[PDB]
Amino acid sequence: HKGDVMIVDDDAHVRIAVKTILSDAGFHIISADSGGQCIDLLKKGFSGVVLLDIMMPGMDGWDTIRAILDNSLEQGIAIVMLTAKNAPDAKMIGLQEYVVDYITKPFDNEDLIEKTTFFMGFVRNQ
């Protein structure tokens, strides 16, 4: 397989769609409905691309990155933020250091595949 991907998004229809598109493209995908669940999943052991929704209720994408760092879970992942024109700022300066790219919603299937594949190469090399 082409590598492990985690889709973290509060929207079930996004998670399902991302799983479908990326499984057809050759990846293994796991899913999380919240920042809390993302942390839970990284604790089980995960290496690969994390597609992280910025706007989630309660704990947003930035809160999630802070939690990833607090738990020392950032090694062996590449975080791609799923954003929108409306996106909230990180309140802690420099969390952006841990984001390798952004993809703006709505996005097309080929953009998803292109970015996931590219940043998987980054994970596999480093």
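Sequential numbering from 1, following the sequence displayed.
Chemist: Once you work out the mean C-alpha B-factor for both 32-40 and 80-88 from the entry, which is higher?
Modeler: Stretch with the higher mean C-alpha B-factor: 80-88.
Chemist: Highest mean C-alpha temperature factor of the two stretches 23-31 and 64-72, which is it?
Modeler: Averaging CA B-factors over each stretch, the winner is 23-31.
Chemist: Which third of the chain does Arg15 land in by C-alpha B-factor: lowest, middle or highest?
Modeler: For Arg15, whose C-alpha B-factor we compare with every modelled residue in the chain, the answer is the middle third.
Chemist: How does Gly94 rank on Cα B-factor within its chain, lowest, middle or highest third?
Modeler: Ranked within chain, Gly94 CA B lands in the lowest tercile.
Chemist: Tell me, lowest, middle or highest third: where does the Cα B factor of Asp9 rank within its chain?
Modeler: Lowest third of the chain for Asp9's C-alpha B-factor.
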